[PDB]
Amino acid sequence: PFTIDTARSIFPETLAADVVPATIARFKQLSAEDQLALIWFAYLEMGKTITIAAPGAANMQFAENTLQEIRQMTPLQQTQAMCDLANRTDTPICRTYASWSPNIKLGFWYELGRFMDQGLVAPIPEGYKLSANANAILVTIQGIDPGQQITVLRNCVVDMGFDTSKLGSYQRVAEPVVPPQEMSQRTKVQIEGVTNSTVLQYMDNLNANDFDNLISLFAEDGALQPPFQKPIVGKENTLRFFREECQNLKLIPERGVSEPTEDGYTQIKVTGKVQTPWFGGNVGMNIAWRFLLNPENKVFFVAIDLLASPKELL
Amino acid sequence: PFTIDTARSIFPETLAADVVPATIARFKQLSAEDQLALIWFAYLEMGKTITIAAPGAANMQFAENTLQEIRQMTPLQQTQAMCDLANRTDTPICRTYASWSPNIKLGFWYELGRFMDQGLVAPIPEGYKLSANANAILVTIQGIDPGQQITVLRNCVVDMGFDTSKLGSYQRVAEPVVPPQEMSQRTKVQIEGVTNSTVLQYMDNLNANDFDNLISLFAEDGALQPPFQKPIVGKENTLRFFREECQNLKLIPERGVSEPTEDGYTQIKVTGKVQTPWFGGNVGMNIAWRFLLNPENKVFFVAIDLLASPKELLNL
Ligand SMILES: CC1=C(/C=C/C(C)=C/C=C/C(C)=C/C=C/C=C(C)/C=C/C=C(C)/C=C/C2=C(C)C(=O)CCC2(C)C)C(C)(C)C[C@H](O)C1
Ligand SMILES: CC1=C(/C=C/C(C)=C/C=C/C(C)=C/C=C/C=C(C)/C=C/C=C(C)/C=C/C2=C(C)C(=O)CCC2(C)C)C(C)(C)C[C@H](O)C1
Ligand SMILES: OC[C@H]1O[C@@](CO)(O[C@H]2O[C@H](CO)[C@@H](O)[C@H](O)[C@H]2O)[C@@H](O)[C@@H]1O
Ligand SMILES: [Cl-]
Ligand SMILES: [Cl-]
């Protein structure tokens, strides 16, 4: 009855924060130097009210060799290396960066920012003026909510380095998988209007980093759609995504609606807050989960949407 | 002194219509059925104000075989075929579509629209309910200028069919290159504040479809950046782009500023109107040309920008 494409259309009144890919698209039109300066100014302004959690040694170890190379470079080489990352050009550093998971890339840029503040790495020239288009993009970023602001920043960091297509040699570099939280120390979510055990186990397993028990809730046909990404189809691909990108998330669902669909299927929409380990309690992202469960109550499809405003929570 | 990347930053106060790639990015997030219905509704209201020029036989011949296949299909097959096009899925029709130039693809969709109106091809339902996000995107499109509206529509059409980005080599079907109009009968542009012959020959050669004389004005290192696209580097690549995508354009430049730069280079900004053969006089796109000429006055880089508003025409 249902396909992955048909399932994408569930709960069509859910207004996603499409200002995020819109702003990214606007950002992509700018020159490399403008792109680098805009992020510098957006990050600096963000830091005045939003505090970032410094990355641990386990994250820093992977980007250590690349950072030490940039640290031993000349100011023109350091600048060119950063321009190459933003331009997506073919360089050994860009190829090394390309192989990293989002968290390694984020941790790498956090360290470079600290180096730029300390004068260890060439800074954004004091006499730098953003283009008319870059200035308007910066105004847009300052006008959107913190959850949308950090998503814009993350997507820009991820989109850098040599194009992953046509690798030649690529060991996907990701952080080690932290053992799942002790069952005795686990918390259980409560969702007003939702008592479906698959949905509840989904939230609880992810909050405990229990990816092996989390993947069991998915059908063989199953798929997961992260915000503004295409659906990730199959248990193997979904599990890899969990292990590489979904460690230490805090899902705080509040309320939801469970509705019967055609041919024994179940449509469940949940809204709540999500905390990223990069900011913790400092940023509460407005999230909606759109579940399409098969007649066996297994996850055939789950869409995770970044919401336009807190109004979308109800 | 200058590189292609450095040249992209010339005249940084030029405010481009980035609402176009922003709206495209928003559009790309929608489902295939929503994407197709949104274009149907955007095109229908646009048709009431902005009249499209029907494609000639020379354009229609390339999409004829594909259109006849869809014409002989069932309503569910016809719908699936159009859904596949929007979804960028791997099917023979999507692979055929991917080989086509923007004009063939546009002409193909124009014919399908006529078939949908005539009931020959499965139409968009009664009062199709667009998603909350699709409705807001449609409002955005209705709120932007005609030049920005048609650019959004064209870019969506171009992005359909099989994705050939992961392919090192792909077949390319394009309209025949019509030989340029005779030199004596040609029109000559006049730009208030710009008398540089390379800039003037650029406008005049393109208005006459004289791509061979147009490419001669470009340096071997030369590049051309179309609106919201990456720069096309080299004479071979730039000439192919002219021959496949730049036939029958009408450039109406109005005014500009010529400024000397570092190491004998010249920075020239021109603003004016551009007419596409798809709409003719019905749509006047607000355009800026950002030229970076080498000390030999050859085009090292030229950026063509779709402007945010007609106010940007006076911004020099
Ligand atoms: C790039 C750059 C610079 C560096 C900037 C930096 C350090 C930026 C860092 C930004 C950060 C840390 C952003 C973090 C964002 C995290 C986000 C948006 C987390 C999102 C996760 C979510 C919504 C989880 C979603 C999920 C749930 C809830 C599920 O149910 C299943 C999985 C899934 C992942 C979809 C500087 C140095 C400043 C200037 C230079 O010129 C350029
Ligand atoms: C796709 C679709 C449908 C079809 C709709 C149709 C037929 C849409 C077609 C729209 C058209 C014809 C759009 C064309 C726009 C043309 C434009 C934007 C041309 C722009 C050209 C410019 C700006 C030229 C610039 C240049 C200049 C000035 C230079 O100096 C150098 C060359 C260069 C090209 C860069 C329907 C059937 C309605 C519904 C279905 O569900 C889906
Ligand atoms: O020429 C580009 C493009 O313009 C279209 C738009 O309909 O055709 C116009 O120009 C043709 C000459 O090139 C005329 O034969 C035609 O009548 C006119 O509409 C497309 O067909 C073509 O791809
Ligand atoms: Cl995260
Ligand atoms: Cl055109």
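Residues numbered from 1 in each chain as written, not as in the entry; some residues may be left out. Chains lettered and ligands numbered in written order. Heavy atoms only, no water.

Method-wise, the PDB entry is recorded as coming from X-ray crystallography, at a reported resolution of 2.1000 Å.

Asks: How do you make sense of the site of ligand 2 when you look at a structure like this?
Replies: Residues and elements named next belong to chain B. Close to ligand 2 lie 28 residues; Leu36, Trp109, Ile150, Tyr202 and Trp289 are nearest. Take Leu36: an N or O atom from its main chain is 2.7 Å from an oxygen atom of ligand 2. Here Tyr202 contributes a side-chain N or O atom positioned 2.9 Å from an oxygen atom of ligand 2. Out of a free accessible area of 1000 Å², ligand 2 has 96% covered by protein chains. Among the elements of the structure, α3 (32-47), α7 (102-118), α9 (146-158), α10 (197-207) and β5 (285-293) are those that each provide at least two residues to the shell around ligand 2. (Near = heavy atom within 4 Å. Polar contact = N/O pair within 3.5 Å; in protein donor to acceptor, adjacent residues only side chain to side chain. Areas by Shrake-Rupley, 256 points an atom, 1.4 Å probe, with all protein chains shown as cover. Helix = DSSP H or I, 4+ residues; strand = E, 2+ residues; numbered from the N terminus.)

Asks: Help me understand the environment of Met183 of chain B, please; the structure alone is not making it clear to me.
Replies: Residue and element names in this part refer to chain B. Mapping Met183 onto the fold places it in the loop between α9 and α10. Here the alpha-carbon distance between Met183 and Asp210, two residues 27 residues apart in the chain, equals 9.4 Å. Not counting chain neighbours up to four residues away, the residues in contact with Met183 comprise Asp210 and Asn213. (Contact = heavy atoms within 4.5 Å.)

Asks: How should the UniProt feature "domain: OCP N-terminal" in chain A be read in this particular structure?
Replies: With numbering aligned to this structure, UniProt lists the feature "domain: OCP N-terminal" at residues 17-168 of chain A. What you have in residues 17-168 of chain A is 67% helix and 0% strand, and the ends, taken at the C-alpha atoms, are 36 Å apart. (UniProt positions renumbered as here; feature names shortened; annotations may be inferred.)

Asks: I'm lost on unusual backbone geometry in this one. Help?
Replies: Note: most peptide bonds trans; most residues except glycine with negative phi. Located in the positive-phi region is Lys166 of chain A, a residue other than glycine, with phi close to 60°. When you line up the elements, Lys166 of chain A lands in the loop between α9 (146-158) and α10 (197-207). Using a relative accessible area of 69% as the deciding quantity, one classes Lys166 of chain A as exposed. In this model, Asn297 of chain B sits at a positive phi of 65°, which is unusual for a non-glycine residue. Inspection of the secondary structure assignment puts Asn297 of chain B in the loop between β5 and β6 (299-306). (Buried < 20%, exposed > 50% of the residue type's maximum accessible area, 1.4 Å probe, protein only.)

Asks: Sorry if this is basic, but what is going on with the site of ligand 3 here?
Replies: All names here are of chain B. In the vicinity of ligand 3, the contacting residues are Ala53, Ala54, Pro55, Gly56, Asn59, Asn103, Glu175, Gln247, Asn248, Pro277 and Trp278. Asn59 is positioned such that a nitrogen or oxygen atom in its side chain is 3.2 Å from an oxygen atom of ligand 3. A distance of 2.6 Å separates an oxygen atom of ligand 3 from a polar atom in the side chain of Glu175. Look at ligand 3: alone it shows 450 Å² of surface, and the protein chains cover 67% of it. Here the shell around ligand 3 is composed, by residue class, of five nonpolar, five polar and one charged. (Nonpolar A, V, L, I, M, F, W, Y, C, P; charged D, E, K, R; others polar.)

Asks: Quick question: what am I supposed to make of helix α8 (residues 132-143) of chain A here?
Replies: In an α-helix, one turn spans 3.6 residues, which is why side chains three or four residues apart end up on the same side. Across its twelve residues, α8 of chain A extends 17 Å between first and last C-alpha, which sits within 8% of the 16 Å expected from 1.5 Å per residue. For α8 of chain A, the elements touching its buried residues are α2 (19-28), α3 (32-46) and α9 of chain A. (Expected span 1.5 Å × (residues − 1).)

Asks: Please clarify how the UniProt feature "domain: OCP N-terminal" in chain B should be interpreted in this entry.
Replies: UniProt's feature table lists "domain: OCP N-terminal" at residues 17-168 of chain B, given in the numbering used throughout. As a span, residues 17-168 of chain B carries 68% helix and 0% strand, and end to end its C-alpha atoms are 31 Å apart.

Asks: What exactly am I supposed to notice about the UniProt feature "binding site: 3'-hydroxyechinenone" in chain A here?
Replies: Residues and elements named next belong to chain A. Per the UniProt record, "binding site: 3'-hydroxyechinenone" is found at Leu36, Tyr202 and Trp289. Their sequence span is 254 residues, while the largest C-alpha to C-alpha distance among them is 37.9 Å; these annotated residues do not converge on one region. Inspection of the secondary structure assignment puts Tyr202 in helix α10. Given the relative accessible area of 1%, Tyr202 is considered buried. The residues contacting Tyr202, other than those within four sequence positions of it, are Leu214, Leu217, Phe218, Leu224, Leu251, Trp289, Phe291, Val302 and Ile304.

Asks: For this particular structure, what's the right way to read the pairing of β6 of chain B?
Replies: Taken residue by residue, a regular strand's side chains alternate between the two faces of the sheet. Residue and element names in this part refer to chain B. Burial of β6 is extensive: eight of the eight residues sit out of reach of the surface. In this sheet, β6 lies alongside strand β1 (residues 218-225) in parallel orientation, the contact comprising four bridges. Following the sheet pairing, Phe218 is matched in β6 by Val299. When β5 meets β6, the two strands line up antiparallel, connected through seven bridges. Following the sheet pairing, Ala288 is matched in β6 by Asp305. The hairpin formed by β5 and β6 contains five residues between the paired strands, and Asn297 there has a positive phi angle of roughly 65°. (Pairing = 2+ DSSP bridges.)

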